[PDB]
>>> print(open('data-v8.pdb').read())   # PDB, C-alpha atoms
ATOM      1  CA  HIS A   1       3.071  24.916  -6.670
ATOM      2  CA  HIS A   2       6.696  24.308  -7.660
ATOM      3  CA  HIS A   3       9.741  25.004  -5.487
ATOM      4  CA  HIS A   4      13.481  24.738  -6.149
ATOM      5  CA  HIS A   5      16.016  23.463  -3.609
ATOM      6  CA  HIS A   6      19.742  24.206  -3.709
ATOM      7  CA  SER A   7      20.508  20.805  -2.186
ATOM      8  CA  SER A   8      20.975  17.823  -4.496
ATOM      9  CA  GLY A   9      17.995  15.698  -5.521
ATOM     10  CA  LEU A  10      17.164  12.193  -4.309
ATOM     11  CA  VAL A  11      19.787   9.454  -4.641
ATOM     12  CA  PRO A  12      19.710   5.599  -4.431
ATOM     13  CA  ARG A  13      21.133   5.877  -0.900
ATOM     14  CA  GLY A  14      17.627   6.713   0.334
ATOM     15  CA  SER A  15      16.515   8.936   3.209
ATOM     16  CA  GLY A  16      18.801   7.036   5.581
ATOM     17  CA  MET A  17      18.774   7.337   9.374
ATOM     18  CA  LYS A  18      20.432   9.601  11.939
ATOM     19  CA  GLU A  19      22.440   8.363  14.921
ATOM     20  CA  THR A  20      20.052  10.230  17.231
ATOM     21  CA  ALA A  21      16.404  11.146  16.685
ATOM     22  CA  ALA A  22      15.599  14.862  16.705
ATOM     23  CA  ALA A  23      14.034  15.974  19.987
ATOM     24  CA  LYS A  24      12.019  18.699  18.236
ATOM     25  CA  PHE A  25      10.401  18.658  14.793
ATOM     26  CA  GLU A  26       8.246  20.991  12.701
ATOM     27  CA  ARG A  27       4.591  20.216  11.995
ATOM     28  CA  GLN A  28       3.655  19.487   8.379
ATOM     29  CA  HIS A  29       0.241  19.876   6.745
ATOM     30  CA  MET A  30      -1.261  19.263   3.304
ATOM     31  CA  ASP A  31      -4.085  21.135   1.579
ATOM     32  CA  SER A  32      -6.901  18.883   0.366
ATOM     33  CA  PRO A  33     -10.116  20.722  -0.728
ATOM     34  CA  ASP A  34     -13.205  18.534  -1.085
ATOM     35  CA  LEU A  35     -14.673  21.025  -3.569
ATOM     36  CA  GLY A  36     -13.029  21.233  -6.989
ATOM     37  CA  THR A  37     -13.751  21.434 -10.723
ATOM     38  CA  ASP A  38     -12.370  19.868 -13.906
ATOM     39  CA  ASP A  39     -14.573  21.146 -16.745
ATOM     40  CA  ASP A  40     -13.101  24.624 -16.232
ATOM     41  CA  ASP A  41     -10.291  25.609 -18.602
ATOM     42  CA  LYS A  42      -7.879  25.573 -15.657
ATOM     43  CA  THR A  43      -6.611  22.265 -14.270
ATOM     44  CA  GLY A  44      -6.220  21.347 -10.599
ATOM     45  CA  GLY A  45      -2.688  20.049 -11.154
ATOM     46  CA  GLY A  46       0.258  22.124 -12.363
ATOM     47  CA  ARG A  47       2.027  22.129 -15.727
ATOM     48  CA  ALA A  48       4.662  19.769 -14.303
ATOM     49  CA  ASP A  49       4.188  16.114 -15.232
ATOM     50  CA  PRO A  50       2.808  13.821 -12.438
ATOM     51  CA  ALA A  51       4.580  10.733 -11.104
ATOM     52  CA  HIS A  52       6.106   8.699 -13.932
ATOM     53  CA  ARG A  53       5.048   5.451 -12.254
ATOM     54  CA  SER A  54       1.405   4.645 -11.535
ATOM     55  CA  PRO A  55       1.942   2.203  -8.581
ATOM     56  CA  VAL A  56       1.930   4.207  -5.346
ATOM     57  CA  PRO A  57       4.705   3.263  -2.817
ATOM     58  CA  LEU A  58       3.636   1.109   0.125
ATOM     59  CA  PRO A  59       2.357   2.981   3.245
ATOM     60  CA  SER A  60       4.615   3.484   6.268
ATOM     61  CA  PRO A  61       4.627   0.000   7.924
ATOM     62  CA  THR A  62       3.444  -0.390  11.492
ATOM     63  CA  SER A  63       4.867  -3.499  13.166
ATOM     64  CA  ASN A  64       3.496  -6.674  11.588
ATOM     65  CA  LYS A  65       0.862  -4.743   9.590
ATOM     66  CA  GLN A  66       0.333  -2.757   6.383
ATOM     67  CA  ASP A  67      -2.576  -1.375   4.370
ATOM     68  CA  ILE A  68      -2.593  -2.428   0.698
ATOM     69  CA  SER A  69      -4.852  -1.607  -2.248
ATOM     70  CA  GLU A  70      -5.334  -1.970  -5.995
ATOM     71  CA  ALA A  71      -3.758   1.479  -6.390
ATOM     72  CA  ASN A  72      -0.486   0.199  -4.926
ATOM     73  CA  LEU A  73      -0.274  -2.934  -7.070
ATOM     74  CA  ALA A  74      -1.718  -1.403 -10.276
ATOM     75  CA  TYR A  75      -3.254  -3.862 -12.797
ATOM     76  CA  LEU A  76      -1.392  -6.651 -10.944
ATOM     77  CA  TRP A  77      -4.129  -6.502  -8.273
ATOM     78  CA  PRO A  78      -5.759 -10.006  -8.566
ATOM     79  CA  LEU A  79      -8.593  -9.526  -6.053
ATOM     80  CA  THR A  80     -12.090  -8.378  -6.975
ATOM     81  CA  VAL A  81     -12.268  -6.405  -3.720
ATOM     82  CA  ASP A  82     -10.633  -3.082  -4.518
ATOM     83  CA  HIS A  83      -8.508  -3.090  -1.363
ATOM     84  CA  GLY A  84      -7.695  -5.007   1.799
ATOM     85  CA  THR A  85      -5.477  -4.925   4.879
ATOM     86  CA  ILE A  86      -2.740  -7.453   5.678
ATOM     87  CA  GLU A  87      -1.819  -8.449   9.224
ATOM     88  CA  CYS A  88       0.289 -10.960  11.122
ATOM     89  CA  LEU A  89      -1.338 -12.089  14.370
ATOM     90  CA  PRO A  90       0.666 -12.922  17.567
ATOM     91  CA  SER A  91      -0.061 -16.566  16.655
ATOM     92  CA  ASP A  92       2.316 -16.347  13.644
ATOM     93  CA  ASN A  93      -0.624 -16.684  11.254
ATOM     94  CA  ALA A  94      -0.716 -14.528   8.128
ATOM     95  CA  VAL A  95      -4.219 -13.451   7.101
ATOM     96  CA  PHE A  96      -5.846 -11.029   4.663
ATOM     97  CA  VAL A  97      -8.784  -8.845   5.729
ATOM     98  CA  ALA A  98     -11.161  -7.383   3.144
ATOM     99  CA  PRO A  99     -13.288  -4.194   3.637
ATOM    100  CA  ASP A 100     -16.299  -6.507   3.916
ATOM    101  CA  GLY A 101     -15.133  -7.489   7.441
ATOM    102  CA  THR A 102     -14.296 -11.069   6.374
ATOM    103  CA  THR A 103     -10.946 -12.642   7.213
ATOM    104  CA  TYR A 104      -9.249 -14.936   4.715
ATOM    105  CA  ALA A 105      -6.210 -17.140   5.359
ATOM    106  CA  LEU A 106      -3.094 -16.228   3.376
ATOM    107  CA  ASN A 107      -0.628 -18.871   4.550
ATOM    108  CA  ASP A 108      -0.953 -22.601   5.179
ATOM    109  CA  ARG A 109      -1.154 -22.280   8.968
ATOM    110  CA  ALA A 110      -4.119 -19.889   8.846
ATOM    111  CA  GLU A 111      -5.849 -22.426   6.591
ATOM    112  CA  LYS A 112      -5.153 -25.100   9.215
ATOM    113  CA  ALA A 113      -6.949 -22.832  11.712
ATOM    114  CA  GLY A 114     -10.115 -23.243   9.592
ATOM    115  CA  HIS A 115     -10.145 -19.726   8.131
ATOM    116  CA  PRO A 116     -11.591 -19.599   4.549
ATOM    117  CA  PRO A 117      -9.155 -18.897   1.632
ATOM    118  CA  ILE A 118      -9.199 -15.673  -0.402
ATOM    119  CA  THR A 119     -10.479 -17.722  -3.395
ATOM    120  CA  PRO A 120     -14.142 -16.383  -3.308
ATOM    121  CA  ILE A 121     -12.857 -12.892  -4.161
ATOM    122  CA  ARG A 122      -9.972 -14.117  -6.372
ATOM    123  CA  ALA A 123     -10.255 -13.320 -10.082
ATOM    124  CA  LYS A 124     -10.385 -16.205 -12.548
ATOM    125  CA  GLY A 125      -8.511 -15.862 -15.842
ATOM    126  CA  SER A 126      -9.362 -17.084 -19.338
ATOM    127  CA  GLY A 127      -6.586 -19.664 -18.982
ATOM    128  CA  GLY A 128      -4.158 -20.939 -16.350
ATOM    129  CA  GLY A 129      -6.877 -21.419 -13.721
ATOM    130  CA  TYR A 130      -6.973 -18.490 -11.296
ATOM    131  CA  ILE A 131      -4.669 -15.496 -10.909
ATOM    132  CA  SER A 132      -1.906 -16.182  -8.386
ATOM    133  CA  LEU A 133      -1.977 -14.455  -5.009
ATOM    134  CA  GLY A 134       1.748 -15.228  -4.493
ATOM    135  CA  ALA A 135       2.675 -11.534  -4.362
ATOM    136  CA  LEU A 136       0.205 -10.745  -1.584
ATOM    137  CA  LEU A 137       1.411 -13.734   0.427
ATOM    138  CA  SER A 138       5.031 -12.603   0.221
ATOM    139  CA  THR A 139       4.211  -9.173   1.628
ATOM    140  CA  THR A 140       2.316 -10.571   4.608
ATOM    141  CA  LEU A 141       5.100 -13.049   5.396
ATOM    142  CA  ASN A 142       7.615 -10.200   5.543
ATOM    143  CA  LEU A 143       5.451  -8.527   8.184
ATOM    144  CA  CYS A 144       5.269 -11.811  10.106
ATOM    145  CA  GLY A 145       9.080 -11.711  10.427
ATOM    146  CA  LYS A 146       9.514 -15.311   9.221
ATOM    147  CA  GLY A 147      13.127 -16.270   8.531
TER     148      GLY A 147
END
>>> encode(input="data-v8.pdb", output="C-alpha coordinates")
Amino acid sequence: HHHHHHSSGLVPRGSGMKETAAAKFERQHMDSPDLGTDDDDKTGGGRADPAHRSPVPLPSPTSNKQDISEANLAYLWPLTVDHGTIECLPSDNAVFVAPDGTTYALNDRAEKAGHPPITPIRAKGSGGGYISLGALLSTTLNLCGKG
(Lines of atoms letter the chains of each structure in order from A and count residues from 1; the text may use other names and numbers.)
(Lines give C-alpha, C1' and ligand atoms only; values in the text may rest on other atoms or scores of the structure.)
Protein backbone atom coordinates (compact mmCIF):
# COMPACT_ATOMS: atom_id res chain seq x y z
CA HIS A 1 0.00 0.00 0.00
CA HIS A 2 1.70 3.16 -1.26
CA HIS A 3 0.19 6.65 -1.27
CA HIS A 4 1.44 9.99 -2.60
CA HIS A 5 0.95 13.32 -0.81
CA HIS A 6 1.10 16.72 -2.50
CA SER A 7 2.51 18.28 0.67
CA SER A 8 6.27 18.30 1.20
CA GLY A 9 7.98 15.38 2.94
CA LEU A 10 9.42 15.35 6.45
CA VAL A 11 11.98 18.00 7.43
CA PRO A 12 14.49 18.39 10.34
CA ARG A 13 12.04 20.83 11.97
CA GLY A 14 10.03 17.83 13.18
CA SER A 15 6.29 17.47 13.75
CA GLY A 16 6.30 20.58 15.94
CA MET A 17 3.42 21.73 18.14
CA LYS A 18 0.32 23.87 17.67
CA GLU A 19 -0.60 26.84 19.86
CA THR A 20 -3.90 25.13 20.70
CA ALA A 21 -4.74 21.43 20.76
CA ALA A 22 -7.46 20.29 18.36
CA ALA A 23 -10.79 19.75 20.11
CA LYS A 24 -11.77 17.01 17.64
CA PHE A 25 -9.58 14.39 15.96
CA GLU A 26 -10.07 11.45 13.59
CA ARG A 27 -9.63 7.86 14.77
CA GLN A 28 -6.73 5.91 13.27
CA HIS A 29 -6.41 2.13 12.95
CA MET A 30 -3.80 -0.32 11.65
CA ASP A 31 -4.34 -3.72 10.04
CA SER A 32 -2.39 -6.53 11.71
CA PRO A 33 -3.41 -10.10 10.64
CA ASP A 34 -2.14 -12.90 12.88
CA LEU A 35 -2.36 -15.33 9.95
CA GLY A 36 0.17 -14.89 7.15
CA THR A 37 2.54 -16.78 4.85
CA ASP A 38 6.09 -16.33 3.54
CA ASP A 39 6.84 -19.44 1.47
CA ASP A 40 4.31 -18.25 -1.12
CA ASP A 41 5.75 -16.46 -4.16
CA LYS A 42 4.10 -13.25 -2.97
CA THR A 43 5.61 -11.27 -0.10
CA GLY A 44 3.73 -9.64 2.78
CA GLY A 45 5.59 -6.35 2.32
CA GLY A 46 5.48 -4.17 -0.80
CA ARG A 47 8.13 -3.58 -3.46
CA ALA A 48 9.19 -0.40 -1.64
CA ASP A 49 12.30 -0.76 0.52
CA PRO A 50 11.69 -0.94 4.34
CA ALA A 51 13.18 1.48 6.87
CA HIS A 52 16.82 2.23 6.08
CA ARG A 53 17.72 2.10 9.78
CA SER A 54 17.18 -1.02 11.88
CA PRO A 55 16.88 0.68 15.34
CA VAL A 56 13.22 1.49 15.97
CA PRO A 57 12.54 5.01 17.44
CA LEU A 58 11.79 5.16 21.16
CA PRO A 59 8.09 4.76 22.18
CA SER A 60 5.98 7.80 23.08
CA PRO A 61 7.23 8.70 26.61
CA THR A 62 4.80 8.76 29.51
CA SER A 63 6.01 10.95 32.37
CA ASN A 64 9.09 9.49 34.04
CA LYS A 65 8.73 6.17 32.16
CA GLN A 66 9.53 4.44 28.86
CA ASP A 67 9.52 0.92 27.45
CA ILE A 68 12.83 -0.16 25.87
CA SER A 69 13.97 -3.31 24.08
CA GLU A 70 16.78 -4.92 22.10
CA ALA A 71 14.92 -3.92 18.92
CA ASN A 72 15.31 -0.24 19.81
CA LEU A 73 19.02 -0.39 20.62
CA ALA A 74 19.98 -2.93 17.91
CA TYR A 75 23.21 -4.93 18.52
CA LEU A 76 24.13 -2.30 21.14
CA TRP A 77 21.71 -4.04 23.53
CA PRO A 78 24.08 -5.31 26.33
CA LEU A 79 21.52 -7.23 28.41
CA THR A 80 20.81 -10.93 28.03
CA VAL A 81 17.12 -10.27 28.75
CA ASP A 82 15.65 -9.33 25.39
CA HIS A 83 13.78 -6.32 26.77
CA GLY A 84 13.01 -4.35 29.91
CA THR A 85 11.15 -1.28 31.16
CA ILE A 86 12.78 1.81 32.67
CA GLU A 87 11.12 3.91 35.37
CA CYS A 88 11.87 6.76 37.75
CA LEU A 89 10.10 6.38 41.09
CA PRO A 90 8.75 9.37 43.13
CA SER A 91 11.80 8.78 45.37
CA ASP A 92 14.15 10.03 42.60
CA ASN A 93 15.59 6.54 42.19
CA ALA A 94 16.28 5.23 38.69
CA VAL A 95 15.69 1.49 38.29
CA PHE A 96 15.47 -1.07 35.49
CA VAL A 97 12.73 -3.72 35.47
CA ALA A 98 13.15 -6.94 33.48
CA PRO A 99 10.25 -9.12 32.14
CA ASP A 100 11.17 -11.62 34.85
CA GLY A 101 9.56 -9.30 37.45
CA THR A 102 12.92 -8.48 39.09
CA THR A 103 13.96 -4.89 39.76
CA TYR A 104 17.58 -3.85 39.31
CA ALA A 105 19.15 -0.56 40.41
CA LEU A 106 20.41 1.65 37.58
CA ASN A 107 21.82 4.62 39.49
CA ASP A 108 23.90 4.90 42.65
CA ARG A 109 20.98 5.89 44.89
CA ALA A 110 18.94 2.81 43.97
CA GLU A 111 22.00 0.72 44.86
CA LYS A 112 22.12 2.49 48.23
CA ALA A 113 18.50 1.36 48.73
CA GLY A 114 19.76 -2.26 48.60
CA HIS A 115 18.35 -3.11 45.17
CA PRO A 116 20.55 -5.63 43.23
CA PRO A 117 22.51 -4.34 40.16
CA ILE A 118 21.70 -5.36 36.57
CA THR A 119 25.02 -7.31 36.51
CA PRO A 120 23.44 -10.87 36.68
CA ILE A 121 21.83 -10.29 33.27
CA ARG A 122 24.70 -8.15 31.90
CA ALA A 123 26.71 -9.68 29.05
CA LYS A 124 30.42 -10.29 29.58
CA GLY A 125 32.80 -9.61 26.70
CA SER A 126 35.97 -11.40 25.60
CA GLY A 127 37.95 -8.40 26.85
CA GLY A 128 37.38 -5.14 28.72
CA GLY A 129 35.42 -6.82 31.53
CA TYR A 130 31.67 -6.44 31.01
CA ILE A 131 29.70 -4.46 28.44
CA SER A 132 28.85 -0.98 29.72
CA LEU A 133 25.27 -0.15 30.66
CA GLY A 134 26.04 3.61 30.44
CA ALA A 135 23.54 4.14 27.62
CA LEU A 136 20.64 2.61 29.54
CA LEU A 137 21.49 4.70 32.60
CA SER A 138 21.44 7.93 30.60
CA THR A 139 17.94 7.25 29.29
CA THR A 140 16.51 6.56 32.73
CA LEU A 141 18.12 9.69 34.19
CA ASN A 142 16.45 11.81 31.51
CA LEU A 143 13.08 10.44 32.63
CA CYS A 144 13.98 11.22 36.25
CA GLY A 145 14.30 14.90 35.26
CA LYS A 146 17.71 15.30 36.94
CA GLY A 147 19.44 18.58 36.13
>>> resolve_selection(input="data-v8.pdb", expression="the PyMOL selection byres ((chain A and resi 1) around 7)", output="list in words")
residues 2, 3 and 46 of chain A
>>> resolve_selection(input="data-v8.pdb", expression="the PyMOL selection byres ((chain A and resi 73-82) around 7)", output="JSON, numbers by chain")
{"A": [54, 55, 69, 70, 71, 72, 83, 121, 122, 123, 131, 133]}
>>> residues_around(input="data-v8.pdb", residues="residue 85 (chain A)", least_positions_apart="6", cutoff="6 Å", atoms="all atoms listed in the file", output="list in words")
residues 67, 68 and 97 of chain A
>>> residues_around(input="data-v8.pdb", residues="residue 137 (chain A)", least_positions_apart="2", cutoff="9 Å", atoms="all atoms listed in the file", output="PyMOL selection string")
chain A and resi 94-96+106-107+133-135+139-142
>>> closest_residue(input="data-v8.pdb", among="A:7, A:129, A:144, A:43", to="residue 89 (chain A)", atoms="all atoms listed in the file")
A:144
>>> atom_distance(input="data-v8.pdb", atom1="CA of residue 58 (chain A)", atom2="CA of residue 35 (chain A)")
27.3 Å
>>> decode(input="data-v8.pdb", residues="region 82-112 of chain A", atoms="N, CA, C and O atoms", output="PDB file, in the first residue's frame")
ATOM      1  N   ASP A  82      15.893  -9.951  26.681  1.00  0.00           N
ATOM      2  CA  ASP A  82      15.649  -9.326  25.386  1.00  0.00           C
ATOM      3  C   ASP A  82      15.110  -7.910  25.527  1.00  0.00           C
ATOM      4  O   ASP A  82      15.383  -7.064  24.676  1.00  0.00           O
ATOM      5  N   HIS A  83      14.331  -7.653  26.574  1.00  0.00           N
ATOM      6  CA  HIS A  83      13.779  -6.319  26.772  1.00  0.00           C
ATOM      7  C   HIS A  83      13.652  -6.001  28.253  1.00  0.00           C
ATOM      8  O   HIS A  83      13.949  -6.839  29.102  1.00  0.00           O
ATOM      9  N   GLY A  84      13.268  -4.766  28.546  1.00  0.00           N
ATOM     10  CA  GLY A  84      13.013  -4.347  29.913  1.00  0.00           C
ATOM     11  C   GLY A  84      12.398  -2.954  29.920  1.00  0.00           C
ATOM     12  O   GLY A  84      12.454  -2.226  28.928  1.00  0.00           O
ATOM     13  N   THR A  85      11.781  -2.593  31.036  1.00  0.00           N
ATOM     14  CA  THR A  85      11.149  -1.284  31.161  1.00  0.00           C
ATOM     15  C   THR A  85      11.932  -0.408  32.132  1.00  0.00           C
ATOM     16  O   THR A  85      12.426  -0.888  33.146  1.00  0.00           O
ATOM     17  N   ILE A  86      12.042   0.880  31.818  1.00  0.00           N
ATOM     18  CA  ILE A  86      12.779   1.811  32.671  1.00  0.00           C
ATOM     19  C   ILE A  86      11.814   2.781  33.338  1.00  0.00           C
ATOM     20  O   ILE A  86      10.881   3.274  32.702  1.00  0.00           O
ATOM     21  N   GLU A  87      12.030   3.040  34.626  1.00  0.00           N
ATOM     22  CA  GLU A  87      11.123   3.911  35.366  1.00  0.00           C
ATOM     23  C   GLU A  87      11.844   4.697  36.455  1.00  0.00           C
ATOM     24  O   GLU A  87      12.780   4.207  37.088  1.00  0.00           O
ATOM     25  N   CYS A  88      11.398   5.935  36.643  1.00  0.00           N
ATOM     26  CA  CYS A  88      11.867   6.762  37.747  1.00  0.00           C
ATOM     27  C   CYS A  88      10.777   6.855  38.813  1.00  0.00           C
ATOM     28  O   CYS A  88       9.677   7.334  38.542  1.00  0.00           O
ATOM     29  N   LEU A  89      11.087   6.396  40.020  1.00  0.00           N
ATOM     30  CA  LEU A  89      10.101   6.381  41.095  1.00  0.00           C
ATOM     31  C   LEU A  89       9.997   7.754  41.766  1.00  0.00           C
ATOM     32  O   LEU A  89      10.946   8.534  41.707  1.00  0.00           O
ATOM     33  N   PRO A  90       8.890   8.071  42.404  1.00  0.00           N
ATOM     34  CA  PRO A  90       8.752   9.374  43.133  1.00  0.00           C
ATOM     35  C   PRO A  90       9.923   9.664  44.079  1.00  0.00           C
ATOM     36  O   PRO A  90      10.146  10.811  44.462  1.00  0.00           O
ATOM     37  N   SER A  91      10.665   8.624  44.454  1.00  0.00           N
ATOM     38  CA  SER A  91      11.799   8.776  45.369  1.00  0.00           C
ATOM     39  C   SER A  91      13.070   9.301  44.682  1.00  0.00           C
ATOM     40  O   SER A  91      14.117   9.387  45.323  1.00  0.00           O
ATOM     41  N   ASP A  92      12.991   9.613  43.387  1.00  0.00           N
ATOM     42  CA  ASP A  92      14.150  10.034  42.603  1.00  0.00           C
ATOM     43  C   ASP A  92      15.192   8.919  42.530  1.00  0.00           C
ATOM     44  O   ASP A  92      16.395   9.171  42.576  1.00  0.00           O
ATOM     45  N   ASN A  93      14.712   7.687  42.384  1.00  0.00           N
ATOM     46  CA  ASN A  93      15.588   6.537  42.187  1.00  0.00           C
ATOM     47  C   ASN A  93      15.341   5.949  40.805  1.00  0.00           C
ATOM     48  O   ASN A  93      14.198   5.670  40.441  1.00  0.00           O
ATOM     49  N   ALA A  94      16.408   5.787  40.029  1.00  0.00           N
ATOM     50  CA  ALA A  94      16.280   5.232  38.687  1.00  0.00           C
ATOM     51  C   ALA A  94      16.542   3.732  38.715  1.00  0.00           C
ATOM     52  O   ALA A  94      17.625   3.291  39.106  1.00  0.00           O
ATOM     53  N   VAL A  95      15.556   2.947  38.283  1.00  0.00           N
ATOM     54  CA  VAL A  95      15.691   1.492  38.294  1.00  0.00           C
ATOM     55  C   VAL A  95      15.262   0.883  36.959  1.00  0.00           C
ATOM     56  O   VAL A  95      14.487   1.472  36.203  1.00  0.00           O
ATOM     57  N   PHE A  96      15.777  -0.315  36.702  1.00  0.00           N
ATOM     58  CA  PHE A  96      15.466  -1.069  35.492  1.00  0.00           C
ATOM     59  C   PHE A  96      14.695  -2.335  35.852  1.00  0.00           C
ATOM     60  O   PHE A  96      15.126  -3.107  36.702  1.00  0.00           O
ATOM     61  N   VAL A  97      13.554  -2.543  35.207  1.00  0.00           N
ATOM     62  CA  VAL A  97      12.730  -3.723  35.471  1.00  0.00           C
ATOM     63  C   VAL A  97      12.815  -4.673  34.283  1.00  0.00           C
ATOM     64  O   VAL A  97      12.621  -4.259  33.142  1.00  0.00           O
ATOM     65  N   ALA A  98      13.083  -5.947  34.554  1.00  0.00           N
ATOM     66  CA  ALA A  98      13.151  -6.938  33.482  1.00  0.00           C
ATOM     67  C   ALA A  98      11.852  -7.746  33.410  1.00  0.00           C
ATOM     68  O   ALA A  98      11.153  -7.860  34.414  1.00  0.00           O
ATOM     69  N   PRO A  99      11.506  -8.306  32.267  1.00  0.00           N
ATOM     70  CA  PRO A  99      10.253  -9.115  32.141  1.00  0.00           C
ATOM     71  C   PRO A  99      10.093 -10.155  33.247  1.00  0.00           C
ATOM     72  O   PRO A  99       8.975 -10.546  33.583  1.00  0.00           O
ATOM     73  N   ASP A 100      11.210 -10.600  33.810  1.00  0.00           N
ATOM     74  CA  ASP A 100      11.172 -11.624  34.853  1.00  0.00           C
ATOM     75  C   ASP A 100      10.450 -11.152  36.125  1.00  0.00           C
ATOM     76  O   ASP A 100      10.130 -11.968  36.990  1.00  0.00           O
ATOM     77  N   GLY A 101      10.188  -9.850  36.247  1.00  0.00           N
ATOM     78  CA  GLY A 101       9.560  -9.301  37.453  1.00  0.00           C
ATOM     79  C   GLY A 101      10.581  -8.885  38.522  1.00  0.00           C
ATOM     80  O   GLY A 101      10.205  -8.588  39.656  1.00  0.00           O
ATOM     81  N   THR A 102      11.865  -8.863  38.166  1.00  0.00           N
ATOM     82  CA  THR A 102      12.924  -8.481  39.086  1.00  0.00           C
ATOM     83  C   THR A 102      13.312  -7.034  38.829  1.00  0.00           C
ATOM     84  O   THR A 102      13.391  -6.606  37.677  1.00  0.00           O
ATOM     85  N   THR A 103      13.549  -6.285  39.899  1.00  0.00           N
ATOM     86  CA  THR A 103      13.964  -4.895  39.760  1.00  0.00           C
ATOM     87  C   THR A 103      15.451  -4.761  40.066  1.00  0.00           C
ATOM     88  O   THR A 103      15.942  -5.255  41.080  1.00  0.00           O
ATOM     89  N   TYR A 104      16.154  -4.084  39.169  1.00  0.00           N
ATOM     90  CA  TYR A 104      17.584  -3.853  39.314  1.00  0.00           C
ATOM     91  C   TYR A 104      17.834  -2.353  39.440  1.00  0.00           C
ATOM     92  O   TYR A 104      17.108  -1.555  38.853  1.00  0.00           O
ATOM     93  N   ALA A 105      18.854  -1.971  40.196  1.00  0.00           N
ATOM     94  CA  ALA A 105      19.148  -0.556  40.405  1.00  0.00           C
ATOM     95  C   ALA A 105      20.057  -0.023  39.302  1.00  0.00           C
ATOM     96  O   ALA A 105      21.126  -0.579  39.043  1.00  0.00           O
ATOM     97  N   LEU A 106      19.627   1.056  38.652  1.00  0.00           N
ATOM     98  CA  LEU A 106      20.415   1.653  37.580  1.00  0.00           C
ATOM     99  C   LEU A 106      21.431   2.635  38.145  1.00  0.00           C
ATOM    100  O   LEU A 106      22.618   2.565  37.827  1.00  0.00           O
ATOM    101  N   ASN A 107      20.956   3.553  38.985  1.00  0.00           N
ATOM    102  CA  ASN A 107      21.817   4.625  39.490  1.00  0.00           C
ATOM    103  C   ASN A 107      22.268   4.368  40.929  1.00  0.00           C
ATOM    104  O   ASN A 107      21.733   3.509  41.629  1.00  0.00           O
ATOM    105  N   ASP A 108      23.263   5.138  41.361  1.00  0.00           N
ATOM    106  CA  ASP A 108      23.904   4.905  42.650  1.00  0.00           C
ATOM    107  C   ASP A 108      22.900   4.875  43.797  1.00  0.00           C
ATOM    108  O   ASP A 108      23.005   4.038  44.690  1.00  0.00           O
ATOM    109  N   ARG A 109      21.923   5.778  43.774  1.00  0.00           N
ATOM    110  CA  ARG A 109      20.985   5.889  44.887  1.00  0.00           C
ATOM    111  C   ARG A 109      20.151   4.618  45.042  1.00  0.00           C
ATOM    112  O   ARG A 109      19.966   4.124  46.155  1.00  0.00           O
ATOM    113  N   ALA A 110      19.681   4.066  43.928  1.00  0.00           N
ATOM    114  CA  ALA A 110      18.936   2.809  43.971  1.00  0.00           C
ATOM    115  C   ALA A 110      19.788   1.689  44.574  1.00  0.00           C
ATOM    116  O   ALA A 110      19.279   0.821  45.288  1.00  0.00           O
ATOM    117  N   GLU A 111      21.083   1.693  44.263  1.00  0.00           N
ATOM    118  CA  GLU A 111      21.998   0.724  44.858  1.00  0.00           C
ATOM    119  C   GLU A 111      22.077   0.925  46.370  1.00  0.00           C
ATOM    120  O   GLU A 111      22.070  -0.037  47.135  1.00  0.00           O
ATOM    121  N   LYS A 112      22.116   2.181  46.802  1.00  0.00           N
ATOM    122  CA  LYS A 112      22.116   2.492  48.231  1.00  0.00           C
ATOM    123  C   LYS A 112      20.871   1.930  48.923  1.00  0.00           C
ATOM    124  O   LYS A 112      20.927   1.519  50.081  1.00  0.00           O
TER     125      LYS A 112
END
